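Working notes for the structure below.
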Protein chains: 4
Amino acid sequence: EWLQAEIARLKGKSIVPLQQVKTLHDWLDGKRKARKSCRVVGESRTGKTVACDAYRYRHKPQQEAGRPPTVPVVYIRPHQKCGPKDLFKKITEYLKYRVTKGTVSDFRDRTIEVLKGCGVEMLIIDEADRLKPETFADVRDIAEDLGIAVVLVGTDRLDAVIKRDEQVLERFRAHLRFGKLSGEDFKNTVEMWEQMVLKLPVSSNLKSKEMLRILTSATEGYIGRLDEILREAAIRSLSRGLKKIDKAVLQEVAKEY
Amino acid sequence: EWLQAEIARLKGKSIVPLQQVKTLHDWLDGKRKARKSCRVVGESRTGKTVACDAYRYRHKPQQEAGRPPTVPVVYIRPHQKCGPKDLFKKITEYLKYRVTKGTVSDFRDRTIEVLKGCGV
Amino acid sequence: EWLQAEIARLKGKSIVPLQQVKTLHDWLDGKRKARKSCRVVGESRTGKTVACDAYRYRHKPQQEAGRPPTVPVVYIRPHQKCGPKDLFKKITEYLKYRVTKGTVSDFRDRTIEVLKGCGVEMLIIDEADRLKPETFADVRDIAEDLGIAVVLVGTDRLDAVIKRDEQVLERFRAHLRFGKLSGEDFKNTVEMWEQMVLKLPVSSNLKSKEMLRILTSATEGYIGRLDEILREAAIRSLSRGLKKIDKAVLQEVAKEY
Amino acid sequence: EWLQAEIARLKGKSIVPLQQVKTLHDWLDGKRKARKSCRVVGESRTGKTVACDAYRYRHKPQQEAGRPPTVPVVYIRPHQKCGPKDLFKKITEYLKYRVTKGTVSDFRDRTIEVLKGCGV
DNA sequence: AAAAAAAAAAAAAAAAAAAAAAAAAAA
DNA sequence: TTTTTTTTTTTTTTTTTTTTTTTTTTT
Ligand SMILES: Nc1ncnc2c1ncn2[C@@H]1O[C@H](COP(=O)(O)OP(=O)(O)O)[C@@H](O)[C@H]1O
Ligand SMILES: Nc1ncnc2c1ncn2[C@@H]1O[C@H](COP(=O)(O)OP(=O)(O)O)[C@@H](O)[C@H]1O
Ligand SMILES: Nc1ncnc2c1ncn2[C@@H]1O[C@H](COP(=O)(O)OP(=O)(O)O)[C@@H](O)[C@H]1O
């Protein structure tokens with residue numbers, strides 16, 4: 001059944017090239033070369049997490065020689081209230097090295113060893129908002145000691161916790177800001193989304209004035225919300241038998257979500 | 001005594017389906033297939049337990065092989081002042097798995113493992 | 001230098017189909033489908049572990065669905081003086097499952113739990129002798145508790161340790177034996193080697209009376225010796241600029257060993 | 001590339017002499033001769049770390065004699081929240097001596113021993 | 001503010017092998 | 001005497017639980 005292919009494609013998420021993503025990538029390469037830690041702060045549903053993964057996928061571990069592979073970029077996600085011991089364990093596991101059992105100081109020695117062995121040009125701490133307040137001291141330790149550029153990708157609370165420790169604020173003074181979509185940028189993103197993401201047989205002219213206004217008001221510049229609503233209404237049209245999303249279909253979803 | 005048999009029936013547990021239950025069931029199957037989290041807000045003693053039980057009755061896990069059962073839905077009730085450890089423990093017990101000993105990080109890993117095995 | 005690449009290809013490891021290998025794969029698949037335990041006893045340098053690796057390669061752990069992957073074959077190689085914990089831990093790590101902290105009693109149940117999610121009809125234990133008799137009870141607990149075709153790959157010491165327990169003997173009574181290569185069978189294997197593995201552009205005629213004399217004395221019917229000796233002789237002849245192995249070179253390899 | 005060599009030289013770290021460093025060195029030498037304990041207080045990113053390290057490189061551990069190397073100056077950087085064990089361990093390792101398994105009392109005795117043997 | 005949940009550090013208890021050396025014994 | 005043969009005798013690596021103390025969090 002052909003319809004199952006459309007359903008399956010729409011169920012899964014994807015990556016859609018955007019100006020914001022390329023901006024972040026061009027910014028990140030400079031600090032990787034410069035070996036200087038940075039900060040990234042923006043709202044949720046802006047796609048910053050997607051751009052982080054997209055940056056990491058381009059740079060992979062190279063193992064031509066028989067020796068350990070060089071992982072230039074490490075991306076990790078600490079859990080809620082993640083402590084120093086747990087944070088070190090995550091880094092060790094990311095590098096395919098056995099995690100020895102012991103106290104926090106032992107884990108620290110193990111982590112420094114495995115980080116020195118590989119290249120590690122950049123270390124990324126994803127959603128540092130849930131990172132424990134005590135950990136920002138050990139993160140700074142690694143930053144100064146190993147010459148590894150460290151990037152913190154978090155929300156607004158990050159600014160709150162960073163300011164309390166004068167040294168941690170000194171370590172990551174500079175930052176890049178993520179924002180929301182608006183105006184012509186939002187409209188262009190919506191039309192480009194219809195051309196790239198949506199596989200519906202007939203274009204609904206979502207860039208038209210009668211429907212693009214609904215998308216503008218409902219998504220409120222959140223690329224995540226835009227993704228959700230577009231994919232959902234697009235899937236819904238097909239069971240009824242529609243080649244394109246209708247204005248009423250667009251209105252029905254936003255009220256529920 | 002026949003009278004006492006009727007009394008035992010009257011003092012027992014039973015279900016009378018309501019329009020609230022059917023409406024919620026349709027919406028819940030929608031949210032389940034859509035895989036979207038949501039809330040349900042309303043007054044107590046309005047059949048919340050009945051809705052939960054009648055929904056759970058429709059989807060019954062089947063375990064024809066030694067692999068983990070094909071469980072579509074998980075059902076838990078957090079205790080008063082429930083912490084993270086308790087959420088993890090209740091999810092683990094519901095799916096018929098041994099509760100690990102240790103801290104919240106260990107419980108978290110254990111819970112994700114058991115959740116990943118089944119459909120959930 | 002092209003000669004360097006031509007030389008380097010020979011130092012490589014390769015598998016050559018043989019009569020004994022073909023027998024082993026069918027026999028083990030029969031025991032696997034039957035879910036019944038059996039034993040393996042052969043003299044050293046007979047490639048039975050190579051055949052076990054090949055049998056493991058034939059069956060590929062499929063991941064059709066999100067539910068735990070269906071690994072049908074388990075292959076663990078114990079060390080020296082292995083206890084219950086190391087055995088259980090190797091089973092756990094082989095299936096790519098986290099080794100948690102805790103007691104040995106909990107450790108024993110971790111492996112039992114991970115085994116059910118995957119098929120794991122046949123567990124194959126290479127170097128079964130190097131194990132503790134107090135671990136044979138755990139190994140046989142697998143055979144009694146679950147329908148698992150536990151296979152014990154071992155030498156003569158395996159027989160010696162197994163007979164000391166009637167229960168283990170009854171559970172692992174079925175077995176397979178190996179022989180050696182002699183006479184025309186050895187010459188056939190030698191020519192098969194020369195045509196399948198020898199990377200020299202010109203035939204060395206290793207089935208000649210003189211070369212067969214040297215090889216019969218040097219290998220004594222052991223396939224590992226044949227492999228090693230022929231690779232080394234080919235390299236020694238390449239160092240003199242030849243397209244094939246001279247007779248004196250083969251004799252020199254025999255003298256060194 | 002010549003330009004890349006100059007750029008790499010700029011990217012590297014070098015040590016420059018300042019009056020603040022000379023003042024610190026004189027102060028520390030006076031204290032060393034008097035064997036009087038003291039402290040150094042200042043703001044971050046002021047470079048006092050480098051000045052102390054520079055004092056260390058002034059005089060190294062002479063080992064010309066047949067007896068163990070004599071270390072006049074020990075310099076350590078304790079990690080975050082280091083207790084009364086890791087400190088002793090770091091001292092011992094800085095003196096190129098083995099670490100023995102034991103308790104805090106054992107580490108304490110071992111540390112006093114290695115501190116008495118060398119000048120320190 | 002003042003009770004309730006969380007990482008280091010000491011301290012106690014128990015088999016299971018293995019080797020070596022000596023002493024006695026038997027034709 | 002040569003060898004056997006045992007028989008003691010003596011000397012050696014892994015596993016587990018239980019307090020205390022202390023520092024952060026919340027309420
Ligand atoms: N370029 C993109 N392509 C597809 N989906 C995207 C893109 N950017 C963002 N998203 C959507 O946004 C969500 C992730 O954003 P999020 O993790 O909240 O980033 P941040 O933490 O920076 O807000 C995903 O659900 C994803 O579908
Ligand atoms: N059929 C075969 N295919 C490939 N190599 C083989 C084969 N038979 C024997 N060998 C050789 O045996 C050597 C390793 O043998 P090994 O794995 O130790 O088996 P086993 O332990 O049974 O002796 C390898 O160097 C290999 O070249
Ligand atoms: N004497 C010095 N010469 C050159 N650079 C210095 C000096 N002192 C400090 N710095 C700069 O400061 C950094 C090291 O000083 P730092 O350890 O931060 O001092 P503190 O720890 O007291 O803040 C180096 O990156 C270096 O660039």
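We name chains A, B, ... following the order of the structure tokens; residues begin at 1 in each chain, and ligands are numbered from 1 as shown.
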
What does chain B look like once superposed on chain D, all Cα atoms paired in sequence order, least squares? Give it as a CSV table (one decimal) with N, CA and C atoms, in the first residue's frame.
```csv
chain,number,residue,atom,x,y,z
B,1,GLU,N,54.2,26.2,6.3
B,1,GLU,CA,53.8,27.6,6.2
B,1,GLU,C,54.5,28.4,7.3
B,2,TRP,N,55.1,29.5,6.9
B,2,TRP,CA,55.7,30.4,8.0
B,2,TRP,C,54.6,31.0,8.8
B,3,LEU,N,53.5,31.4,8.2
B,3,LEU,CA,52.4,31.9,9.0
B,3,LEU,C,51.9,31.0,10.1
B,4,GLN,N,51.8,29.7,9.7
B,4,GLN,CA,51.3,28.7,10.7
B,4,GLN,C,52.3,28.5,11.8
B,5,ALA,N,53.6,28.6,11.4
B,5,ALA,CA,54.7,28.5,12.5
B,5,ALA,C,54.5,29.7,13.5
B,6,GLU,N,54.2,30.9,13.0
B,6,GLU,CA,54.0,32.0,13.9
B,6,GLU,C,52.7,31.7,14.7
B,7,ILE,N,51.7,31.2,14.1
B,7,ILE,CA,50.4,30.9,14.8
B,7,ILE,C,50.7,29.8,15.9
B,8,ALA,N,51.4,28.8,15.6
B,8,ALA,CA,51.8,27.8,16.6
B,8,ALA,C,52.5,28.4,17.8
B,9,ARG,N,53.4,29.4,17.5
B,9,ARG,CA,54.1,30.1,18.6
B,9,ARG,C,53.1,31.0,19.4
B,10,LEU,N,52.1,31.6,18.7
B,10,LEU,CA,51.2,32.4,19.4
B,10,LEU,C,50.2,31.6,20.3
B,11,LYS,N,49.8,30.4,19.8
B,11,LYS,CA,49.0,29.6,20.6
B,11,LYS,C,49.7,28.7,21.7
B,12,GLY,N,51.0,28.9,21.8
B,12,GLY,CA,51.8,28.2,22.8
B,12,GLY,C,51.9,28.8,24.1
B,13,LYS,N,52.6,28.2,25.0
B,13,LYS,CA,52.8,28.6,26.4
B,13,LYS,C,54.1,29.5,26.5
B,14,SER,N,54.0,30.6,27.2
B,14,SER,CA,55.2,31.4,27.4
B,14,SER,C,55.0,32.2,28.7
B,15,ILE,N,56.1,32.8,29.2
B,15,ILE,CA,56.1,33.5,30.5
B,15,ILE,C,56.6,35.0,30.2
B,16,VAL,N,55.9,35.9,30.7
B,16,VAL,CA,56.3,37.3,30.7
B,16,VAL,C,56.5,37.7,32.2
B,17,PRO,N,57.7,37.9,32.7
B,17,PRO,CA,57.9,38.3,34.1
B,17,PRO,C,57.2,39.5,34.5
B,18,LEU,N,56.5,39.5,35.7
B,18,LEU,CA,55.8,40.7,36.2
B,18,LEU,C,56.4,41.1,37.5
B,19,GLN,N,56.1,42.4,37.9
B,19,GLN,CA,56.6,42.9,39.2
B,19,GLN,C,55.9,42.1,40.3
B,20,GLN,N,54.7,41.6,40.1
B,20,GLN,CA,54.1,40.7,41.1
B,20,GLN,C,54.9,39.5,41.3
B,21,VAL,N,55.4,38.9,40.2
B,21,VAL,CA,56.2,37.7,40.3
B,21,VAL,C,57.5,37.9,41.1
B,22,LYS,N,58.2,39.0,40.8
B,22,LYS,CA,59.5,39.3,41.5
B,22,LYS,C,59.2,39.6,43.0
B,23,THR,N,58.2,40.4,43.3
B,23,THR,CA,57.9,40.7,44.7
B,23,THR,C,57.6,39.4,45.4
B,24,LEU,N,56.7,38.6,44.9
B,24,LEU,CA,56.4,37.3,45.5
B,24,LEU,C,57.6,36.5,45.7
B,25,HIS,N,58.5,36.4,44.7
B,25,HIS,CA,59.7,35.6,44.8
B,25,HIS,C,60.6,36.0,46.0
B,26,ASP,N,60.8,37.4,46.1
B,26,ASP,CA,61.6,37.9,47.3
B,26,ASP,C,60.9,37.4,48.6
B,27,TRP,N,59.6,37.7,48.7
B,27,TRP,CA,58.9,37.3,49.9
B,27,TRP,C,59.0,35.8,50.2
B,28,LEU,N,58.9,35.0,49.1
B,28,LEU,CA,58.9,33.5,49.3
B,28,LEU,C,60.2,33.0,49.7
B,29,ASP,N,61.3,33.5,49.2
B,29,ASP,CA,62.6,33.2,49.6
B,29,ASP,C,62.8,33.5,51.1
B,30,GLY,N,62.3,34.7,51.5
B,30,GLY,CA,62.3,35.1,52.9
B,30,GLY,C,61.6,34.1,53.8
B,31,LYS,N,60.3,33.7,53.4
B,31,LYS,CA,59.6,32.7,54.1
B,31,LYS,C,60.2,31.4,54.1
B,32,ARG,N,60.9,31.0,53.0
B,32,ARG,CA,61.5,29.7,52.9
B,32,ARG,C,62.7,29.6,53.9
B,33,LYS,N,63.6,30.6,53.9
B,33,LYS,CA,64.7,30.6,54.8
B,33,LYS,C,64.2,30.7,56.2
B,34,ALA,N,63.2,31.5,56.5
B,34,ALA,CA,62.6,31.6,57.8
B,34,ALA,C,61.8,30.4,58.2
B,35,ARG,N,61.4,29.6,57.2
B,35,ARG,CA,60.6,28.4,57.5
B,35,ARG,C,59.3,28.7,58.2
B,36,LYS,N,58.6,29.7,57.6
B,36,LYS,CA,57.4,30.2,58.2
B,36,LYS,C,56.2,29.9,57.1
B,37,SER,N,55.2,29.3,57.6
B,37,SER,CA,54.0,29.1,56.8
B,37,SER,C,53.2,30.4,56.6
B,38,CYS,N,52.6,30.6,55.5
B,38,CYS,CA,51.8,31.9,55.2
B,38,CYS,C,50.8,31.6,54.2
B,39,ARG,N,49.9,32.5,53.9
B,39,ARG,CA,48.9,32.5,52.8
B,39,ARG,C,49.4,33.4,51.7
B,40,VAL,N,48.7,33.2,50.5
B,40,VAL,CA,48.8,34.2,49.4
B,40,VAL,C,47.4,34.3,48.8
B,41,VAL,N,46.8,35.5,49.0
B,41,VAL,CA,45.4,35.7,48.7
B,41,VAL,C,45.3,36.8,47.6
B,42,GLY,N,44.5,36.5,46.6
B,42,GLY,CA,44.3,37.5,45.5
B,42,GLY,C,43.4,36.9,44.4
B,43,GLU,N,43.2,37.8,43.4
B,43,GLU,CA,42.3,37.4,42.3
B,43,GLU,C,43.0,36.4,41.4
B,44,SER,N,42.2,35.5,40.8
B,44,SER,CA,42.7,34.5,39.8
B,44,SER,C,43.1,35.2,38.5
B,45,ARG,N,43.8,34.5,37.6
B,45,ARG,CA,44.3,34.9,36.3
B,45,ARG,C,45.2,36.2,36.5
B,46,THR,N,45.9,36.2,37.6
B,46,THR,CA,46.9,37.2,37.9
B,46,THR,C,48.3,36.7,37.9
B,47,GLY,N,48.5,35.6,37.2
B,47,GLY,CA,49.9,35.0,37.2
B,47,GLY,C,50.2,34.0,38.3
B,48,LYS,N,49.2,33.5,39.0
B,48,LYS,CA,49.5,32.5,40.1
B,48,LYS,C,50.3,31.3,39.6
B,49,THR,N,49.8,30.7,38.5
B,49,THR,CA,50.6,29.6,37.9
B,49,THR,C,52.0,30.1,37.4
B,50,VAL,N,52.1,31.3,36.9
B,50,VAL,CA,53.4,31.8,36.4
B,50,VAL,C,54.3,31.9,37.6
B,51,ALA,N,53.8,32.5,38.7
B,51,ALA,CA,54.6,32.7,39.9
B,51,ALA,C,55.1,31.4,40.4
B,52,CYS,N,54.2,30.4,40.5
B,52,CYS,CA,54.6,29.1,41.0
B,52,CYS,C,55.6,28.4,40.1
B,53,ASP,N,55.4,28.4,38.8
B,53,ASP,CA,56.4,27.8,37.9
B,53,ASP,C,57.7,28.5,37.9
B,54,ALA,N,57.7,29.8,37.9
B,54,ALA,CA,59.0,30.6,37.8
B,54,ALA,C,59.7,30.4,39.2
B,55,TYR,N,59.0,30.3,40.3
B,55,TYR,CA,59.7,30.0,41.5
B,55,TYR,C,60.3,28.6,41.6
B,56,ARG,N,59.5,27.7,41.1
B,56,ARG,CA,60.0,26.3,41.0
B,56,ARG,C,61.2,26.1,40.1
B,57,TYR,N,61.3,26.9,39.0
B,57,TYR,CA,62.4,26.9,38.1
B,57,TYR,C,63.7,27.2,38.8
B,58,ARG,N,63.7,28.2,39.7
B,58,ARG,CA,64.9,28.7,40.3
B,58,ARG,C,65.5,27.6,41.2
B,59,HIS,N,64.7,26.8,41.9
B,59,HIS,CA,65.2,25.8,42.8
B,59,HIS,C,64.9,24.4,42.2
B,60,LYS,N,66.0,23.8,41.7
B,60,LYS,CA,65.9,22.5,41.0
B,60,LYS,C,66.6,21.5,41.8
B,61,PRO,N,65.9,20.4,42.2
B,61,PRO,CA,66.5,19.3,42.9
B,61,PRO,C,67.7,18.6,42.1
B,62,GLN,N,68.7,18.3,42.9
B,62,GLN,CA,69.9,17.6,42.3
B,62,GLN,C,70.1,16.3,43.1
B,63,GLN,N,70.4,15.2,42.3
B,63,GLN,CA,70.5,13.9,42.9
B,63,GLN,C,71.8,13.2,42.4
B,64,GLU,N,72.9,13.6,42.9
B,64,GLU,CA,74.2,13.1,42.5
B,64,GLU,C,74.5,11.7,43.1
B,65,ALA,N,73.8,11.3,44.1
B,65,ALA,CA,74.0,10.0,44.8
B,65,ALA,C,72.7,9.2,44.9
B,66,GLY,N,72.8,8.0,45.3
B,66,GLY,CA,71.6,7.1,45.5
B,66,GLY,C,70.7,7.5,46.6
B,67,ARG,N,71.1,8.4,47.5
B,67,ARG,CA,70.2,8.8,48.5
B,67,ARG,C,69.1,9.7,48.0
B,68,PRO,N,68.1,10.0,48.8
B,68,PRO,CA,67.0,10.8,48.3
B,68,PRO,C,67.5,12.2,47.8
B,69,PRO,N,66.8,12.8,46.8
B,69,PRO,CA,67.3,14.0,46.3
B,69,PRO,C,67.2,15.2,47.3
B,70,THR,N,68.1,16.2,47.1
B,70,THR,CA,68.1,17.4,47.9
B,70,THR,C,67.0,18.3,47.3
B,71,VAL,N,65.7,18.0,47.7
B,71,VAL,CA,64.6,18.8,47.2
B,71,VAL,C,64.3,19.9,48.3
B,72,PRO,N,64.4,21.2,47.9
B,72,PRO,CA,64.1,22.2,48.9
B,72,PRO,C,62.7,22.5,49.0
B,73,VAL,N,61.9,22.5,47.9
B,73,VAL,CA,60.5,22.9,47.9
B,73,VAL,C,59.6,21.8,47.3
B,74,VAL,N,58.5,21.6,47.9
B,74,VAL,CA,57.4,20.7,47.4
B,74,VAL,C,56.3,21.5,46.8
B,75,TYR,N,55.8,21.1,45.6
B,75,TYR,CA,54.7,21.8,44.9
B,75,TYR,C,53.6,20.8,44.6
B,76,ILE,N,52.4,21.1,45.1
B,76,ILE,CA,51.2,20.2,44.9
B,76,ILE,C,50.0,21.1,44.6
B,77,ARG,N,49.0,20.5,44.0
B,77,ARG,CA,47.7,21.2,43.7
B,77,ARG,C,46.6,20.2,44.1
B,78,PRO,N,45.9,20.5,45.3
B,78,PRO,CA,44.9,19.6,45.7
B,78,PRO,C,43.7,19.6,44.7
B,79,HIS,N,43.1,18.4,44.6
B,79,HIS,CA,41.9,18.3,43.7
B,79,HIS,C,40.7,18.8,44.4
B,80,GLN,N,39.6,19.2,43.6
B,80,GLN,CA,38.4,19.6,44.2
B,80,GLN,C,37.8,18.5,45.1
B,81,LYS,N,37.5,18.9,46.3
B,81,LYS,CA,37.1,18.0,47.4
B,81,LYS,C,38.2,17.1,47.8
B,82,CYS,N,39.4,17.6,47.9
B,82,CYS,CA,40.6,16.8,48.3
B,82,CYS,C,40.5,16.4,49.7
B,83,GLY,N,40.8,15.2,50.0
B,83,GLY,CA,40.8,14.7,51.4
B,83,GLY,C,42.2,14.5,51.9
B,84,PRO,N,42.4,14.1,53.1
B,84,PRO,CA,43.8,13.8,53.7
B,84,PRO,C,44.6,12.8,52.8
B,85,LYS,N,43.9,11.7,52.4
B,85,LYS,CA,44.6,10.7,51.6
B,85,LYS,C,45.1,11.3,50.3
B,86,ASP,N,44.4,12.3,49.7
B,86,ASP,CA,44.9,12.8,48.5
B,86,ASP,C,46.1,13.8,48.7
B,87,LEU,N,46.1,14.6,49.7
B,87,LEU,CA,47.2,15.4,50.0
B,87,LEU,C,48.5,14.5,50.2
B,88,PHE,N,48.3,13.4,51.0
B,88,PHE,CA,49.5,12.5,51.2
B,88,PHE,C,49.9,11.9,49.9
B,89,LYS,N,49.0,11.4,49.1
B,89,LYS,CA,49.3,10.8,47.8
B,89,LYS,C,50.0,11.7,46.9
B,90,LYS,N,49.6,13.0,46.8
B,90,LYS,CA,50.2,13.9,45.9
B,90,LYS,C,51.6,14.3,46.3
B,91,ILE,N,51.8,14.5,47.6
B,91,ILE,CA,53.1,14.7,48.2
B,91,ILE,C,54.1,13.5,47.9
B,92,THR,N,53.6,12.3,48.1
B,92,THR,CA,54.4,11.1,47.8
B,92,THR,C,54.8,11.0,46.3
B,93,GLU,N,53.8,11.3,45.4
B,93,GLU,CA,54.1,11.1,44.0
B,93,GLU,C,55.0,12.2,43.5
B,94,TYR,N,54.9,13.4,44.0
B,94,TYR,CA,55.8,14.5,43.6
B,94,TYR,C,57.2,14.2,43.9
B,95,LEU,N,57.5,13.6,45.1
B,95,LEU,CA,58.9,13.2,45.5
B,95,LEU,C,59.4,11.9,44.9
B,96,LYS,N,58.6,11.4,43.9
B,96,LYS,CA,59.0,10.2,43.2
B,96,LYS,C,59.1,8.9,44.1
B,97,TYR,N,58.1,8.7,44.9
B,97,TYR,CA,58.0,7.6,45.8
B,97,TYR,C,56.8,6.8,45.5
B,98,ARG,N,56.8,5.5,45.8
B,98,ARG,CA,55.6,4.6,45.6
B,98,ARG,C,54.6,5.0,46.6
B,99,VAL,N,53.3,5.1,46.2
B,99,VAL,CA,52.2,5.4,47.1
B,99,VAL,C,51.8,4.1,47.8
B,100,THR,N,51.9,4.2,49.2
B,100,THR,CA,51.5,3.0,50.0
B,100,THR,C,50.0,2.7,49.8
B,101,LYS,N,49.6,1.5,50.1
B,101,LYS,CA,48.2,1.1,50.1
B,101,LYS,C,47.8,1.0,51.6
B,102,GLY,N,46.5,1.3,51.8
B,102,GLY,CA,46.0,1.3,53.2
B,102,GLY,C,45.1,2.5,53.5
B,103,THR,N,45.2,3.0,54.7
B,103,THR,CA,44.3,4.1,55.2
B,103,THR,C,45.1,5.4,55.4
B,104,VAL,N,44.4,6.3,56.0
B,104,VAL,CA,45.0,7.7,56.2
B,104,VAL,C,46.2,7.6,57.2
B,105,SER,N,46.1,6.8,58.2
B,105,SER,CA,47.3,6.7,59.1
B,105,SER,C,48.5,6.2,58.4
B,106,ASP,N,48.4,5.2,57.5
B,106,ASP,CA,49.5,4.7,56.8
B,106,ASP,C,50.0,5.7,55.8
B,107,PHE,N,49.1,6.4,55.1
B,107,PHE,CA,49.6,7.5,54.2
B,107,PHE,C,50.3,8.6,54.9
B,108,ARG,N,49.8,8.9,56.2
B,108,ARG,CA,50.4,9.9,57.0
B,108,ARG,C,51.9,9.6,57.3
B,109,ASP,N,52.0,8.3,57.8
B,109,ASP,CA,53.4,7.9,58.2
B,109,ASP,C,54.3,7.9,56.9
B,110,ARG,N,53.8,7.4,55.8
B,110,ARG,CA,54.6,7.4,54.6
B,110,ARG,C,55.0,8.8,54.1
B,111,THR,N,54.1,9.7,54.2
B,111,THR,CA,54.4,11.1,53.8
B,111,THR,C,55.4,11.7,54.7
B,112,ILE,N,55.3,11.5,56.0
B,112,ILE,CA,56.3,12.1,57.0
B,112,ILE,C,57.6,11.5,56.7
B,113,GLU,N,57.7,10.2,56.4
B,113,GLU,CA,59.0,9.6,56.1
B,113,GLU,C,59.6,10.2,54.9
B,114,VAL,N,58.9,10.3,53.8
B,114,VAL,CA,59.5,10.9,52.5
B,114,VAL,C,59.8,12.3,52.7
B,115,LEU,N,59.0,13.1,53.5
B,115,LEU,CA,59.3,14.5,53.7
B,115,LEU,C,60.6,14.6,54.6
B,116,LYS,N,60.8,13.7,55.5
B,116,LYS,CA,61.9,13.8,56.4
B,116,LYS,C,63.2,13.6,55.6
B,117,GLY,N,63.1,12.6,54.6
B,117,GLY,CA,64.3,12.3,53.8
B,117,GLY,C,64.9,13.6,53.2
B,118,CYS,N,64.0,14.3,52.5
B,118,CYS,CA,64.5,15.5,51.7
B,118,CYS,C,64.5,16.7,52.7
B,119,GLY,N,65.1,17.8,52.2
B,119,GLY,CA,65.1,19.1,52.9
B,119,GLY,C,63.7,19.6,53.2
B,120,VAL,N,62.9,19.8,52.1
B,120,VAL,CA,61.6,20.3,52.2
B,120,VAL,C,61.5,21.5,53.1
```

Next item on the list: Output the contact residues of chain A with respect to chain B at a cut-off of 12 Å, based on only C-alpha atoms, as a count of residues only.
Entry: 23

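The coordinates place atom 23 (O, counted along the ligand's line) of ligand 2 at 26.7 Å from atom CA of residue C:237.
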
Next item on the list: Would you mind listing the residues within 6 Å of ligand 2, counting only C-alpha atoms (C1' of nucleotides) and all ligand atoms, as a ChimeraX atom specification?
Entry: /C:14-18,44-50,223-224,227

Check: atom CA of residue C:211 to atom CA of residue C:248: how many Å, to one decimal?
Finding: 9.5 Å

Next item on the list: Step one, run DSSP on the backbone; step two, keep only residues of stretch 1-119 of chain D assigned to alpha helix (DSSP H); then write them as a VMD selection string.
Entry: chain D and resid 2 to 11 19 to 34 48 to 58 86 to 94 104 to 117

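Take atom CA of residue C:193 and atom CA of residue C:225: the distance between them is 12.4 Å.
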
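Cα RMSD between chain C and chain A, computed after least-squares fitting of the latter onto the former across all residues in order: 0.8 Å.
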
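For residue E:20, the residues within 12 Å (counting only C-alpha atoms (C1' of nucleotides), excluding itself and residues fewer than 4 positions away along the chain) are residues 8, 9, 10 and 11 of chain F.
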
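Closest to residue C:75 among C:107, C:220, C:176, C:125 is C:125, based on only C-alpha atoms.
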
Notebook entry, point to check: Can you list, as a VMD selection string, every residue of stretch 15-136 of chain A that DSSP puts in strand (DSSP E or B)?
Noted result: chain A and resid 38 to 41 62 70 73 to 76 82 122 to 126 131

Quick check: residues of chain F within 12 Å of chain C, only C-alpha atoms (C1' of nucleotides), returned as a short mmCIF file (atom, residue, chain, number, x, y, z; two decimals) with N, CA and C atoms (P, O5', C5', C4', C3', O3' and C1' of nucleotides), in the first residue's frame.
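Result saved to iface-v1.cif:
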```cif
data_model
loop_
_atom_site.label_atom_id
_atom_site.label_comp_id
_atom_site.auth_asym_id
_atom_site.auth_seq_id
_atom_site.Cartn_x
_atom_site.Cartn_y
_atom_site.Cartn_z
P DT F 14 43.27 -13.15 44.19
"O5'" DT F 14 41.86 -13.66 44.75
"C5'" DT F 14 40.66 -13.03 44.33
"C4'" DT F 14 39.45 -13.74 44.90
"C3'" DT F 14 38.20 -12.87 45.04
"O3'" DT F 14 37.04 -13.67 44.84
"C1'" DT F 14 38.83 -13.64 47.16
P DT F 15 35.69 -13.03 44.23
"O5'" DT F 15 34.84 -12.61 45.53
"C5'" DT F 15 34.90 -13.40 46.70
"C4'" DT F 15 33.73 -13.11 47.62
"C3'" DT F 15 32.84 -11.94 47.20
"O3'" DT F 15 31.48 -12.28 47.41
"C1'" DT F 15 33.65 -11.57 49.38
P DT F 16 30.31 -11.19 47.24
"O5'" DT F 16 30.14 -10.58 48.70
"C5'" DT F 16 29.97 -11.46 49.81
"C4'" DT F 16 29.52 -10.69 51.04
"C3'" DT F 16 28.66 -9.45 50.76
"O3'" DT F 16 27.46 -9.53 51.51
"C1'" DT F 16 30.41 -8.94 52.27
P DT F 17 26.27 -8.47 51.27
"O5'" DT F 17 26.10 -7.79 52.71
"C5'" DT F 17 26.10 -8.61 53.87
"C4'" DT F 17 26.51 -7.82 55.09
"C3'" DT F 17 25.73 -6.52 55.31
"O3'" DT F 17 25.00 -6.61 56.52
"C1'" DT F 17 28.08 -6.21 55.63
#
```
